[PDB]
Amino acid sequence: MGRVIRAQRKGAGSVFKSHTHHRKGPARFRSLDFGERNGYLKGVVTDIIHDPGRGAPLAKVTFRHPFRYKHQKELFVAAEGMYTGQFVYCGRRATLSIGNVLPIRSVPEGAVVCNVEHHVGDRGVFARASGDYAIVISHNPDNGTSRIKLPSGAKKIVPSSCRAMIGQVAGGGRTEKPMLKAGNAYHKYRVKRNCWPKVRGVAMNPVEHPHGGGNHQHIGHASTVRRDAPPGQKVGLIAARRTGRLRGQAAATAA
Amino acid sequence: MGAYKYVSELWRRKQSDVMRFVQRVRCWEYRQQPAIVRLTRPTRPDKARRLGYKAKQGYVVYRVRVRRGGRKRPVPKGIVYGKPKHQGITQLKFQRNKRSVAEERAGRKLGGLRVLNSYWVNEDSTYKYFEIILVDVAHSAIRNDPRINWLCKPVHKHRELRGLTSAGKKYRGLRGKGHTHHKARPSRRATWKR
Amino acid sequence: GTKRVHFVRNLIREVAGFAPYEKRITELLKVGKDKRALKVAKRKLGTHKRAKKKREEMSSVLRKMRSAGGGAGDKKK
Amino acid sequence: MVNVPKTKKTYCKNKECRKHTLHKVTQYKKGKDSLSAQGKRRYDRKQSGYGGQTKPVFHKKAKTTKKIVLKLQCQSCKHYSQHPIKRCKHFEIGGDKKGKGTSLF
Amino acid sequence: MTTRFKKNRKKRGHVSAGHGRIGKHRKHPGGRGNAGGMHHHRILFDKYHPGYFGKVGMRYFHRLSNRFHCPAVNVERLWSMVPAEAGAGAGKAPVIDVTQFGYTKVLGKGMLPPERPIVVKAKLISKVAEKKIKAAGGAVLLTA
RNA sequence: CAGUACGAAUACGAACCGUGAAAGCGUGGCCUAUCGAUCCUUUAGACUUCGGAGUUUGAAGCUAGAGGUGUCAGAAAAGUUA
RNA sequence: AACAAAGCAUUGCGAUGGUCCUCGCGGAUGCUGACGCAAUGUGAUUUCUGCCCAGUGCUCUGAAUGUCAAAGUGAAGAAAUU
RNA sequence: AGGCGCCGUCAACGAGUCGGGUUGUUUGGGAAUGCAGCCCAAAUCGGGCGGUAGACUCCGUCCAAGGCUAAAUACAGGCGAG
């Protein structure tokens with residue numbers, strides 16, 4: 001049989017983890033007391049600070065409104081075009097301006113949003129990463145459902161009460177340009193949850209992977225491996241729909 | 001005899017009449033309350049009155065919550081190492097019963113007290129519930145009662161653990177006497193395998 | 001008149017008597033629960049069927065608490 | 001393969017005739033079941049899911065070759081006999097008929 | 001040669017029945033049955049030993065027949081009769097006596113060789129279809 | 001096989017038939033002889049048996065034949081290591 | 001000359017993510033969100049990357065037909081056993 | 001209060017228990033040891049047992065799901081001695 005394949009090493013352990021202490025703080029969207037046509041939540045962006053845990057920026061927002069419990073703060077997710085000294089509005093009668101957060105119901109159809117909730121008050125799930133955005137296609141006055149298209153193209157049915165932020169996430173185009181030092185890849189790995197560099201399965205000797213062994217390097221068996229297959233076996237193309245470059249489309253996806 | 005017969009008659013019928021309603025309703029409580037619950041009332045006074053209940057100081061009654069299922073055996077995903085007559089993980093089920101585990105848990109937390117006996121107070125779909133009588137040894141009222149001072153004797157400390165409970169006698173096969181009973185009495189380790 | 005035809009407490013009592021006579025005989029062929037199906041099934045199947053289905057539920061039983069306590073009382077005189 | 005008549009005359013083994021009478025030939029299998037046998041020793045002795053010595057069902061097996069494979073059942077008394085060893089294969093039957101001689105056609 | 005497990009021979013008494021050969025009684029089933037319960041014992045003695053110990057058996061009374069020739073209940077002449085279910089008289093070798101033997105079973109060629117004037121006597125338990133009809137009477141003896 | 005099993009032969013007797021004139025021949029194949037234990041299962045025949053009596057159901061079993069073993073006097077069974 | 005590497009492809013993943021550790025709690029995923037995370041193939045640039053879905057792998061739809069377990073359910077039936 | 005005799009008579013008699021199935025473990029324990037786990041589930045002159053299952057009178061024994069309890073046994077021996 002074998003010594004454990006790296007995929008089990010994910011598992012638990014100090015080596016597989018991110019530097020979670022290092023991450024900058026929780027960036028959850030403030031669950032509104034109530035009302036909010038301008039300023040029972042008014043923010044000023046004061047600063048824009050990088051998030052190591054995702055590599056795109058946050059905007060530092062204060063947020064100052066009262067009560068007790070009152071709760072306010074802090075570093076909310078940046079959208080494109082957010083600047084120091086711009087106003088942020090968070091809630092139901094917030095102005096429809098980029099950087100403001102409000103429930104989907106309040107948003108006009110055809111407006112790009114980010115930090116969209118799965119479930120109301122979870123504060124925001126979908127459209128997060130750099131330069132991505134969901135697109136709110138349908139509402140109507142929809143008591144029942146607000147239809148949003150996520151960046152993959154899947155059309156998601158969400159409760160109209162789910163809040164989102166208008167605009168697309170900052171940092172777009174990050175993906176376009178090539179890393180162009182091994183060392184650039186290296187530090188970028190250090191920050192995230194990953195064991196790098198990666199040795200190819202074929203490169204190893206048999207004990208380390210299903211791919212390993214053989215004088216010349218090659219996968220002894222067919223690469224694409226079972227949904228049924230157990231952990232340790234399941235490597236390569238897991239249960240692949242198709243392979244090789246030709247004749248597909250993006251995901252389509254029914255409701 | 002008395003009133004104690006009716007509740008005893010009810011508790012047969014866990015599934016039926018007032019008892020499925022009232023005890024399924026007390027499980028809203030039982031799921032909420034911990035795996036130690038001390039209470040000041042027996043749920044069954046009948047089967048308290050027939051496992052040893054006198055209201056008298058040093059007496060406590062306590063509910064214990066024990067998982068349903070068997071036992072699952074270390075290590076999975078670094079598995080034995082041995083020939084397959086001895087490989088077994090969920091396949092084996094403990095040969096202590098779920099009632100005795102509850103006796104152990106209870107006597108561990110209430111360490112200055114000794115389990116007298118125990119009874120059944122239901123199950124839902126993952127928990128099995130027991131209520132257990134533990135009786136102080138150390139206080140005068142137990143000592144100056146000749147129906148319950150037999151517990152006090154130093155030989156009787158930690159009796160649940162050494163299997164001298166009623167439950168501990170029953171899983172040890174000591175329910176019979178005669179024919180059969182021949183591998184249980186006086187002990188499951190008894191002849192030393194001579 | 002109807003139900004059953006006819007009589008009432010004695011008819012409850014016949015049925016209440018038929019039910020241990022049906023039950024003791026299931027118990028003398030074990031289980032209970034499959035024999036309670038078989039002992040009923042291997043027979044004509046109407047009055048007994050409804051009467052059996054209620055005993056395999058939930059059931060009677062305030063009335064059961066009422067009758068058993070009188071029978072216990074009256075076998076304790 | 002064999003012409004064997006389904007209907008033959010033979011001696012009885014059995015003690016109610018203990019003389020010669022008409023007999024009917026048939027190839028036989030049933031198996032059992034209701035479980036008291038090896039089948040029980042296995043049900044119990046699974047014992048970590050081990051079929052174990054319930055397999056001598058394999059080797060992958062194959063050589064082919066028999067003995068006559070019969071029970072000849074009396075049509076006039078119900079007492080009737082199986083026959084002793086000599087070497088066949090395979091075996092044909094139907095109601096026979098016949099390896100008929102003679103042919104002009 | 002030795003390590004006493006290379007010339008020895010072998011270790012445990014096997015290769016002996018299967019494939020090498022001689023010895024035990026070997027290859028078994030075969031009858032098996034009855035259990036440890038409804039089981040033995042029937043005590044059995046041939047009538048020639050009561051004829052040894054007729055003359056010296058002077059705790060058994062002589063009676064209608066001459067002084068050598070004794071009524072003797074064989075149940076109270078058989079050692080280990082009390083833990084046995086019944087005491088039976090077996091018929092080997094002569095009797096040259098005019099005895100009266102009481103038994104819980106007797107052979108047919110156990111009466112017949114001491115036909116030589118005898119009274120062969122069933123005890124009540126010889127039947128054993130005799131009336132323990134709740135009632136009272138007869139019994140089996142007890143001793144170490 | 002010089003004493004060791006299954007097999008095989010070479011004959012009988014007992015029962016039971018044929019053909020045949022019958023004496024006889026006929027205990028598988030011109031002769032020189034042409035295969036399988038052990039659990040289990042299968043059935044055959046009759047009978048035996050399963051723990052108060054009583055009664056049905058099956059079981060347990062004797063004796064005999066057929067179902068795998070050609071590693072053929074009987075394992076349930078693929079390779080590499082540089 | 002081996003491994004890594006940046007670069008190039010397939011595939012799984014809609015979140016309580018799939019995946020790893022764990023009986024479990026929980027954790028690692030991720031206090032992240034498909035411009036993201038895993039699982040793999042190959043290995044700068046430059047020009048390119050043909051034909052084959054028969055076998056093996058894997059995946060798709062199956063409201064319909066031959067096979068396809070258990071239970072509950074029906075038949076003989078005192079059961080059970082078929 | 002206790003005993004004996006006579007007199008009727010009877011209640012401290014313990015439920016997810018007895019019991020059956022599904023899946024296991026263990027045992028000499030076999031349809032028949034003991035225990036675990038999932039599902040189901042009685043009666044209360046009624047019930048339980050007698051080495052597979054089902055009518056009767058019974059025969060024969062015994063009242064679970066409760067308890068305690070001296071003495072006799074062990075001590076590859078702390079501690080004293082032969």
# chains A, B, ... in the order shown; residues from 1 in each chain; ligands from 1
>>> closest_atom_pairs(of="chain A", to="chain G", cutoff="6 Å", atoms="only C-alpha atoms (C1' of nucleotides)", output="Markdown table")
| residue | atom | partner | partner_atom | distance |
| --- | --- | --- | --- | --- |
| A:8 | CA | G:20 | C1' | 4.8 |
| A:10 | CA | G:20 | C1' | 4.2 |
| A:11 | CA | G:20 | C1' | 3.4 |
| A:12 | CA | G:21 | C1' | 4.8 |
| A:26 | CA | G:31 | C1' | 5.4 |
| A:126 | CA | G:33 | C1' | 5.2 |
| A:128 | CA | G:33 | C1' | 5.6 |
| A:130 | CA | G:35 | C1' | 5.8 |
| A:131 | CA | G:35 | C1' | 5.8 |
| A:152 | CA | G:34 | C1' | 5.7 |
| A:175 | CA | G:35 | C1' | 5.6 |
| A:180 | CA | G:6 | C1' | 5.4 |
| A:182 | CA | G:5 | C1' | 5.6 |
| A:222 | CA | G:57 | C1' | 5.6 |
| A:235 | CA | G:39 | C1' | 5.7 |
| A:236 | CA | G:40 | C1' | 3.9 |
| A:237 | CA | G:11 | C1' | 5.1 |
| A:239 | CA | G:58 | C1' | 5.3 |
| A:240 | CA | G:11 | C1' | 5.1 |
| A:241 | CA | G:59 | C1' | 4.8 |
| A:243 | CA | G:10 | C1' | 4.9 |
| A:244 | CA | G:10 | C1' | 5.8 |
>>> write_last_selection(atoms="N, CA, C and O atoms", output="PDB file, in the first residue's frame")
ATOM      1  N   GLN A   8      -4.399  13.859   1.868  1.00  0.00           N
ATOM      2  CA  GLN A   8      -4.724  13.697   3.283  1.00  0.00           C
ATOM      3  C   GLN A   8      -4.060  14.695   4.197  1.00  0.00           C
ATOM      4  O   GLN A   8      -4.559  14.908   5.281  1.00  0.00           O
ATOM      5  N   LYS A  10      -3.852  17.785   3.951  1.00  0.00           N
ATOM      6  CA  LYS A  10      -4.689  18.920   4.205  1.00  0.00           C
ATOM      7  C   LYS A  10      -5.306  18.905   5.573  1.00  0.00           C
ATOM      8  O   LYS A  10      -5.079  19.776   6.381  1.00  0.00           O
ATOM      9  N   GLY A  11      -6.113  17.827   5.720  1.00  0.00           N
ATOM     10  CA  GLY A  11      -6.442  17.311   7.026  1.00  0.00           C
ATOM     11  C   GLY A  11      -6.665  18.234   8.225  1.00  0.00           C
ATOM     12  O   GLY A  11      -7.682  18.836   8.518  1.00  0.00           O
ATOM     13  N   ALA A  12      -5.544  18.406   8.938  1.00  0.00           N
ATOM     14  CA  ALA A  12      -5.446  19.433   9.946  1.00  0.00           C
ATOM     15  C   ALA A  12      -3.936  19.696   9.918  1.00  0.00           C
ATOM     16  O   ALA A  12      -3.184  18.976   9.229  1.00  0.00           O
ATOM     17  N   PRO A  26     -12.318  40.669  10.802  1.00  0.00           N
ATOM     18  CA  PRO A  26     -13.538  40.254  10.142  1.00  0.00           C
ATOM     19  C   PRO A  26     -14.211  41.414   9.468  1.00  0.00           C
ATOM     20  O   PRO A  26     -14.259  42.495  10.039  1.00  0.00           O
ATOM     21  N   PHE A 126     -21.491  35.854  -1.719  1.00  0.00           N
ATOM     22  CA  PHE A 126     -21.234  35.675  -3.135  1.00  0.00           C
ATOM     23  C   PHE A 126     -20.821  37.014  -3.781  1.00  0.00           C
ATOM     24  O   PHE A 126     -21.458  38.048  -3.603  1.00  0.00           O
ATOM     25  N   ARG A 128     -16.917  38.391  -4.053  1.00  0.00           N
ATOM     26  CA  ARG A 128     -16.023  38.718  -2.939  1.00  0.00           C
ATOM     27  C   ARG A 128     -14.640  38.982  -3.332  1.00  0.00           C
ATOM     28  O   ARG A 128     -14.035  39.951  -2.943  1.00  0.00           O
ATOM     29  N   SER A 130     -11.325  39.452  -6.071  1.00  0.00           N
ATOM     30  CA  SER A 130     -10.942  40.581  -6.845  1.00  0.00           C
ATOM     31  C   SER A 130     -11.611  40.656  -8.206  1.00  0.00           C
ATOM     32  O   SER A 130     -11.590  39.708  -8.980  1.00  0.00           O
ATOM     33  N   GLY A 131     -12.154  41.838  -8.511  1.00  0.00           N
ATOM     34  CA  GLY A 131     -12.845  42.146  -9.755  1.00  0.00           C
ATOM     35  C   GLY A 131     -14.055  41.380 -10.164  1.00  0.00           C
ATOM     36  O   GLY A 131     -14.451  41.479 -11.322  1.00  0.00           O
ATOM     37  N   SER A 152     -19.861  33.008 -12.410  1.00  0.00           N
ATOM     38  CA  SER A 152     -19.771  31.823 -13.260  1.00  0.00           C
ATOM     39  C   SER A 152     -20.811  31.673 -14.370  1.00  0.00           C
ATOM     40  O   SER A 152     -20.687  30.889 -15.356  1.00  0.00           O
ATOM     41  N   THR A 175      -5.684  38.720 -12.083  1.00  0.00           N
ATOM     42  CA  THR A 175      -5.432  37.451 -12.713  1.00  0.00           C
ATOM     43  C   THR A 175      -4.714  37.596 -14.017  1.00  0.00           C
ATOM     44  O   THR A 175      -3.976  36.695 -14.412  1.00  0.00           O
ATOM     45  N   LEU A 180       5.974  35.894 -12.626  1.00  0.00           N
ATOM     46  CA  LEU A 180       7.299  36.137 -13.131  1.00  0.00           C
ATOM     47  C   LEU A 180       8.378  36.390 -12.136  1.00  0.00           C
ATOM     48  O   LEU A 180       9.431  36.927 -12.474  1.00  0.00           O
ATOM     49  N   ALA A 182       9.421  32.916  -9.259  1.00  0.00           N
ATOM     50  CA  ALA A 182       9.045  31.715  -8.506  1.00  0.00           C
ATOM     51  C   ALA A 182       8.847  32.153  -7.071  1.00  0.00           C
ATOM     52  O   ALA A 182       7.914  31.802  -6.340  1.00  0.00           O
ATOM     53  N   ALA A 222      -5.725   5.319 -16.125  1.00  0.00           N
ATOM     54  CA  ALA A 222      -6.470   6.443 -16.629  1.00  0.00           C
ATOM     55  C   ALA A 222      -6.662   7.433 -15.516  1.00  0.00           C
ATOM     56  O   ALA A 222      -6.829   7.066 -14.354  1.00  0.00           O
ATOM     57  N   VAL A 235      -7.506  10.925  -7.276  1.00  0.00           N
ATOM     58  CA  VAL A 235      -6.558  11.901  -7.717  1.00  0.00           C
ATOM     59  C   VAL A 235      -6.727  11.993  -9.196  1.00  0.00           C
ATOM     60  O   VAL A 235      -7.391  11.151  -9.799  1.00  0.00           O
ATOM     61  N   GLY A 236      -6.134  13.018  -9.835  1.00  0.00           N
ATOM     62  CA  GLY A 236      -6.302  13.137 -11.253  1.00  0.00           C
ATOM     63  C   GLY A 236      -7.591  13.857 -11.497  1.00  0.00           C
ATOM     64  O   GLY A 236      -7.976  14.729 -10.716  1.00  0.00           O
ATOM     65  N   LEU A 237      -8.313  13.532 -12.549  1.00  0.00           N
ATOM     66  CA  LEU A 237      -9.521  14.186 -12.886  1.00  0.00           C
ATOM     67  C   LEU A 237     -10.666  13.484 -12.197  1.00  0.00           C
ATOM     68  O   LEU A 237     -11.104  12.392 -12.572  1.00  0.00           O
ATOM     69  N   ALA A 239     -13.946  12.330 -11.546  1.00  0.00           N
ATOM     70  CA  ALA A 239     -15.266  12.183 -12.116  1.00  0.00           C
ATOM     71  C   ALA A 239     -15.533  13.204 -13.269  1.00  0.00           C
ATOM     72  O   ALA A 239     -16.654  13.690 -13.518  1.00  0.00           O
ATOM     73  N   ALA A 240     -14.576  13.327 -14.239  1.00  0.00           N
ATOM     74  CA  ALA A 240     -14.667  14.423 -15.170  1.00  0.00           C
ATOM     75  C   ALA A 240     -15.769  14.229 -16.161  1.00  0.00           C
ATOM     76  O   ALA A 240     -16.015  13.181 -16.707  1.00  0.00           O
ATOM     77  N   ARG A 241     -16.390  15.380 -16.473  1.00  0.00           N
ATOM     78  CA  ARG A 241     -17.537  15.383 -17.375  1.00  0.00           C
ATOM     79  C   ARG A 241     -17.021  15.167 -18.774  1.00  0.00           C
ATOM     80  O   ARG A 241     -17.544  14.334 -19.570  1.00  0.00           O
ATOM     81  N   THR A 243     -13.101  16.147 -21.293  1.00  0.00           N
ATOM     82  CA  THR A 243     -11.721  16.554 -21.205  1.00  0.00           C
ATOM     83  C   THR A 243     -11.347  17.091 -22.560  1.00  0.00           C
ATOM     84  O   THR A 243     -11.927  16.698 -23.569  1.00  0.00           O
ATOM     85  N   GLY A 244     -10.340  17.992 -22.600  1.00  0.00           N
ATOM     86  CA  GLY A 244      -9.644  18.335 -23.818  1.00  0.00           C
ATOM     87  C   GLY A 244     -10.338  19.243 -24.800  1.00  0.00           C
ATOM     88  O   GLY A 244     -10.454  18.873 -25.967  1.00  0.00           O
TER      89      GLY A 244
END
>>> interface_residues(of="chain B", to="chain G", cutoff="9 Å", atoms="only C-alpha atoms (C1' of nucleotides)", output="list in words")
residues 71, 72, 73, 74 and 76 of chain B
>>> write_last_selection(atoms="N, CA, C and O atoms", output="mmCIF file, in the first residue's frame")
data_model
loop_
_atom_site.group_PDB
_atom_site.id
_atom_site.type_symbol
_atom_site.label_atom_id
_atom_site.label_comp_id
_atom_site.auth_asym_id
_atom_site.auth_seq_id
_atom_site.Cartn_x
_atom_site.Cartn_y
_atom_site.Cartn_z
ATOM 1 N N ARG B 71 -20.057 1.206 19.596
ATOM 2 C CA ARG B 71 -18.799 1.755 20.060
ATOM 3 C C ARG B 71 -18.073 1.750 18.789
ATOM 4 O O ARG B 71 -18.401 0.873 17.980
ATOM 5 N N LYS B 72 -17.117 2.645 18.610
ATOM 6 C CA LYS B 72 -16.366 2.765 17.377
ATOM 7 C C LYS B 72 -14.899 2.672 17.814
ATOM 8 O O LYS B 72 -14.569 3.265 18.784
ATOM 9 N N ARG B 73 -14.015 1.938 17.137
ATOM 10 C CA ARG B 73 -12.812 1.550 17.786
ATOM 11 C C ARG B 73 -11.593 2.153 17.129
ATOM 12 O O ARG B 73 -11.465 1.998 15.897
ATOM 13 N N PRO B 74 -10.715 2.861 17.925
ATOM 14 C CA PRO B 74 -9.487 3.490 17.526
ATOM 15 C C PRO B 74 -8.630 2.406 16.878
ATOM 16 O O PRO B 74 -8.699 3.279 16.500
ATOM 17 N N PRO B 76 -9.289 4.559 13.448
ATOM 18 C CA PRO B 76 -9.599 4.616 12.005
ATOM 19 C C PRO B 76 -8.603 5.547 11.354
ATOM 20 O O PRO B 76 -8.060 6.436 11.989
#
>>> residues_around(residues="range 58-72 of chain D", least_positions_apart="6", cutoff="6 Å", atoms="only C-alpha atoms (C1' of nucleotides)", output="list in words")
residues 23, 24, 25, 26, 27, 80, 81, 82, 85, 86, 87, 88 and 89 of chain D; 66 of chain F
>>> residues_around(residues="range 2-8 of chain F", least_positions_apart="5", cutoff="9 Å", atoms="only C-alpha atoms (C1' of nucleotides)", output="NGL selection string")
(:E and (21)) or (:F and (33 or 35-37 or 73))
>>> residues_around(residues="residue 43 in chain H", least_positions_apart="2", cutoff="10 Å", atoms="only C-alpha atoms (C1' of nucleotides)", output="MDAnalysis selection string")
(chainID C and resid 20 23:24 27) or (chainID H and resid 18 46:47)
>>> interface_residues(of="chain D", to="chain H", cutoff="12 Å", atoms="only C-alpha atoms (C1' of nucleotides)", output="PDB file with N, CA, C and O atoms, in the first residue's frame")
ATOM      1  N   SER D  34     -33.913 -24.772   4.212  1.00  0.00           N
ATOM      2  CA  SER D  34     -34.545 -24.459   5.475  1.00  0.00           C
ATOM      3  C   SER D  34     -33.466 -24.347   6.583  1.00  0.00           C
ATOM      4  O   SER D  34     -33.796 -24.188   7.757  1.00  0.00           O
ATOM      5  N   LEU D  35     -32.157 -24.425   6.212  1.00  0.00           N
ATOM      6  CA  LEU D  35     -30.950 -23.980   6.904  1.00  0.00           C
ATOM      7  C   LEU D  35     -30.178 -24.922   7.841  1.00  0.00           C
ATOM      8  O   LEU D  35     -28.961 -24.760   7.925  1.00  0.00           O
ATOM      9  N   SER D  36     -30.768 -25.933   8.546  1.00  0.00           N
ATOM     10  CA  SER D  36     -29.904 -26.839   9.443  1.00  0.00           C
ATOM     11  C   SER D  36     -28.897 -27.765   8.696  1.00  0.00           C
ATOM     12  O   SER D  36     -29.289 -28.655   7.992  1.00  0.00           O
ATOM     13  N   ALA D  37     -27.618 -27.332   8.733  1.00  0.00           N
ATOM     14  CA  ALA D  37     -26.530 -27.911   7.878  1.00  0.00           C
ATOM     15  C   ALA D  37     -25.391 -26.971   8.063  1.00  0.00           C
ATOM     16  O   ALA D  37     -25.310 -26.223   9.008  1.00  0.00           O
ATOM     17  N   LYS D  40     -26.097 -23.107   8.279  1.00  0.00           N
ATOM     18  CA  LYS D  40     -26.163 -22.551   9.607  1.00  0.00           C
ATOM     19  C   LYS D  40     -24.697 -22.271  10.057  1.00  0.00           C
ATOM     20  O   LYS D  40     -24.491 -21.102  10.325  1.00  0.00           O
ATOM     21  N   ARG D  41     -23.763 -23.251  10.021  1.00  0.00           N
ATOM     22  CA  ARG D  41     -22.423 -23.061  10.538  1.00  0.00           C
ATOM     23  C   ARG D  41     -21.806 -21.807   9.941  1.00  0.00           C
ATOM     24  O   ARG D  41     -21.250 -20.995  10.662  1.00  0.00           O
ATOM     25  N   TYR D  43     -23.732 -19.044   8.729  1.00  0.00           N
ATOM     26  CA  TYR D  43     -24.580 -17.889   9.078  1.00  0.00           C
ATOM     27  C   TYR D  43     -24.035 -17.319  10.386  1.00  0.00           C
ATOM     28  O   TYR D  43     -23.827 -16.133  10.559  1.00  0.00           O
ATOM     29  N   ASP D  44     -23.769 -18.248  11.316  1.00  0.00           N
ATOM     30  CA  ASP D  44     -23.275 -17.966  12.626  1.00  0.00           C
ATOM     31  C   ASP D  44     -21.830 -17.515  12.466  1.00  0.00           C
ATOM     32  O   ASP D  44     -21.449 -16.469  12.992  1.00  0.00           O
ATOM     33  N   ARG D  45     -21.010 -18.292  11.680  1.00  0.00           N
ATOM     34  CA  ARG D  45     -19.543 -18.218  11.704  1.00  0.00           C
ATOM     35  C   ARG D  45     -18.783 -17.281  10.794  1.00  0.00           C
ATOM     36  O   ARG D  45     -17.574 -17.164  11.061  1.00  0.00           O
ATOM     37  N   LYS D  46     -19.480 -16.515   9.904  1.00  0.00           N
ATOM     38  CA  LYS D  46     -19.315 -15.154   9.519  1.00  0.00           C
ATOM     39  C   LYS D  46     -18.612 -14.288  10.510  1.00  0.00           C
ATOM     40  O   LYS D  46     -17.551 -14.194  10.183  1.00  0.00           O
ATOM     41  N   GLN D  47     -18.906 -13.880  11.752  1.00  0.00           N
ATOM     42  CA  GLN D  47     -17.692 -13.732  12.618  1.00  0.00           C
ATOM     43  C   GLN D  47     -16.535 -12.782  12.160  1.00  0.00           C
ATOM     44  O   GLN D  47     -15.366 -13.054  12.431  1.00  0.00           O
ATOM     45  N   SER D  48     -16.905 -11.666  11.459  1.00  0.00           N
ATOM     46  CA  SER D  48     -16.119 -10.598  10.868  1.00  0.00           C
ATOM     47  C   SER D  48     -16.384 -10.630   9.386  1.00  0.00           C
ATOM     48  O   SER D  48     -15.581 -10.161   8.581  1.00  0.00           O
ATOM     49  N   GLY D  49     -17.559 -11.181   8.999  1.00  0.00           N
ATOM     50  CA  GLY D  49     -18.031 -11.183   7.635  1.00  0.00           C
ATOM     51  C   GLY D  49     -17.378 -12.258   6.818  1.00  0.00           C
ATOM     52  O   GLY D  49     -17.473 -12.247   5.591  1.00  0.00           O
TER      53      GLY D  49
END
>>> closest_atom_pairs(of="chain C", to="chain G", cutoff="12 Å", atoms="only C-alpha atoms (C1' of nucleotides)", output="tab-separated table")
residue	atom	partner	partner_atom	distance
C:25	CA	G:78	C1'	10.8
C:26	CA	G:78	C1'	11.0
C:28	CA	G:78	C1'	10.9
C:29	CA	G:79	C1'	7.5
C:30	CA	G:79	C1'	9.7
C:31	CA	G:79	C1'	11.4
C:34	CA	G:72	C1'	11.1
C:35	CA	G:79	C1'	9.4
C:37	CA	G:73	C1'	11.5
C:38	CA	G:79	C1'	9.6
C:39	CA	G:78	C1'	9.5
C:41	CA	G:74	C1'	11.0
C:42	CA	G:77	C1'	8.8
C:43	CA	G:78	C1'	11.9
>>> closest_residue(among="F:11, F:82, F:39, F:62", to="chain A", atoms="only C-alpha atoms (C1' of nucleotides)")
F:82
>>> interface_residues(of="chain H", to="chain C", cutoff="8 Å", atoms="only C-alpha atoms (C1' of nucleotides)", output="PyMOL selection string")
chain H and resi 10-11+19-21+40-44+54
>>> select_by_dssp(residues="chain B", states="helix (DSSP H, G or I)", output="MDAnalysis selection string")
chainID B and resid 4:12 17:32 45:48 84:86 98:109 140:143 149:151 154:156 166:170 181:183
>>> closest_atom_pairs(of="chain C", to="chain B", cutoff="7 Å", atoms="only C-alpha atoms", output="Markdown table")
| residue | atom | partner | partner_atom | distance |
| --- | --- | --- | --- | --- |
| C:58 | CA | B:16 | CA | 4.3 |
| C:59 | CA | B:16 | CA | 6.2 |
| C:61 | CA | B:17 | CA | 5.5 |
| C:62 | CA | B:17 | CA | 6.5 |
| C:65 | CA | B:6 | CA | 6.9 |
>>> interface_residues(of="chain H", to="chain E", cutoff="12 Å", atoms="only C-alpha atoms (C1' of nucleotides)", output="ChimeraX atom specification")
/H:28-30,32,51,59-60
>>> atom_distance(atom1="CA of residue 161 in chain A", atom2="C1' of residue 13 in chain G")
25.6 Å
>>> residues_around(residues="residue 143 in chain E", least_positions_apart="2", cutoff="9 Å", atoms="only C-alpha atoms (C1' of nucleotides)", output="PyMOL selection string")
chain E and resi 80+82-83+141
>>> select_by_dssp(residues="chain D", states="strand (DSSP E or B)", output="PyMOL selection string")
chain D and resi 7-10+21-27+66-67+70-74+81+87-88
>>> write_last_selection(atoms="C-alpha atoms", output="JSON list (two decimals), in the first residue's frame")
[["chain", "number", "residue", "atom", "x", "y", "z"],
["D", 7, "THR", "CA", -39.06, -45.97, -19.76],
["D", 8, "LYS", "CA", -37.05, -49.24, -18.89],
["D", 9, "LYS", "CA", -37.69, -52.76, -17.02],
["D", 10, "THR", "CA", -35.47, -53.50, -13.91],
["D", 21, "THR", "CA", -40.80, -54.52, -12.77],
["D", 22, "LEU", "CA", -41.15, -51.38, -15.01],
["D", 23, "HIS", "CA", -39.05, -48.23, -14.13],
["D", 24, "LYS", "CA", -38.79, -44.52, -15.16],
["D", 25, "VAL", "CA", -35.41, -42.63, -15.66],
["D", 26, "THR", "CA", -34.73, -38.96, -14.63],
["D", 27, "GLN", "CA", -31.65, -36.65, -14.13],
["D", 66, "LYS", "CA", -19.18, -37.97, -15.01],
["D", 67, "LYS", "CA", -20.89, -41.17, -14.19],
["D", 70, "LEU", "CA", -30.09, -41.24, -12.57],
["D", 71, "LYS", "CA", -33.12, -42.24, -10.62],
["D", 72, "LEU", "CA", -35.41, -44.79, -12.09],
["D", 73, "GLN", "CA", -38.91, -44.47, -10.66],
["D", 74, "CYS", "CA", -41.28, -47.40, -10.68],
["D", 81, "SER", "CA", -33.60, -47.32, -7.61],
["D", 87, "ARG", "CA", -18.12, -43.48, -17.04],
["D", 88, "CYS", "CA", -20.30, -40.80, -19.05]]
